[PDB]
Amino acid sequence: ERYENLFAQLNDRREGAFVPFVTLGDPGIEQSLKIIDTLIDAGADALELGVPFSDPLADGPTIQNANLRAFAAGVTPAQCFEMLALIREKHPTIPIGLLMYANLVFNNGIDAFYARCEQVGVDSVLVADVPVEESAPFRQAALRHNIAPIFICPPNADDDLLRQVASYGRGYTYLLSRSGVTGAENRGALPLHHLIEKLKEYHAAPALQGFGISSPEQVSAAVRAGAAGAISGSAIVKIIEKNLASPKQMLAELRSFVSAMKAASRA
C-alpha cells in the first residue's frame, strides 16, 4: 500500500512528506501533466489532485480560478480520469490522492466512481463536503475498491470525532490548519500539537497538515509539531496563474518552490 510504504521510508530518513495540490487540467491537459511531472521530479512525496467542480465551496479565489481555467480548456471528469491513468503509469510508487466534491462522486453512482478510481490507480479519496457522519456509503465503496477514505481533523475537533477519524480513516489524516477556505494569503496560527498527539494515541493514519501553507518555514513547523507532512495547494496554483503565458518559466518556478518546501520537510 503506497501510503504505508511512503511513511515508512520517510520515518526511516527522519523526514516529513511534502504534498502539493493542483487542479487537474489547469491550465490545460498537457501543461497540467507537465506540471505534475515537475512537482514529482522536484521532490513531491505524494500528490493531491482536484477534479474541477462548478461550485467549489471549500476553496478561496486562487483555486476557484484554477477550476475556471480547467473549464475554459474543456476539462471534464472523464478527461481527468484519463490523466490519472497516465500519471499512475508514469509513477508507479507515488501515492495519488483525490480531493473531490460530493456531487462528482455521487452523481453517476458512488460505487462506480470508486471503481473507476481503482481502475486508474488512485490511492485515496477525500470528499470535502462529506463529514464522517455522512460517510458510510463513501467509506464502504472506497474500501471495497482498495481506496483509502481520507477524513479531516478540524482544529475544533472533540474527542468523539478524534476516535471516529482514527478508526475510519486510512492512508493519512487531513489535519486542518485553521477555519475558512483554502488560500495561501491566510496562514493558520493555532497550535495543533494536542490534536496530533491524540491522533497518534488512537492509532490514526499519519497526519498531513493543510490550508494556508505557503512557505518553507510553515512546512518545518508542521513537522516539528509531530505531523507527518504538509500539503500546499494555493501557493502552488498561484505560480501557475502568474506564469500562464510562459509555460516553461512556470515549470522552472514550480521546481524551485517545491524543492525549497520539500527541503524544509527534511529533518
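Residues carry their position along the shown sequence, with the first being 1.
J.: Taking only the other compared entries that model residues on either side of residue 180, decide whether it is unmodelled in at least a third of them.
T.: Counting only entries that model residues on both sides, residue 180 is unresolved in at least a third of them.
J.: Please confirm whether residue 195, modelled here, goes without coordinates in at least one third of the other compared entries that cover both its neighbours.
T.: It is not, since residue 195 is included in all of the other entries that model both flanking stretches.
J.: If you average the Cα B factors in the entry, which is higher, 34-42 or 48-56?
T.: On average, C-alpha B-factors are higher across 34-42.
J.: Mean CA B-factor: is it higher for 70-78 or for 91-99?
T.: The stretch with the larger mean CA B-factor is 70-78.
J.: Identify, among 192, 165, 105, 141, the residue whose C-alpha carries the highest B-factor in the deposited PDB entry.
T.: When the deposited C-alpha B-factors of 192, 165, 105, 141 are compared, 192 is largest.
J.: By the record's CA B-factor, is residue 188 among the lowest, middle or highest third of residues in the chain?
T.: Ranked within chain, residue 188 CA B lands in the highest tercile.
J.: Can you tell me whether residue 18 has a C-alpha B-factor in the lowest, middle or highest third compared with the other modelled residues of the same chain?
T.: Its C-alpha B-factor belongs to the middle third of this chain's values.
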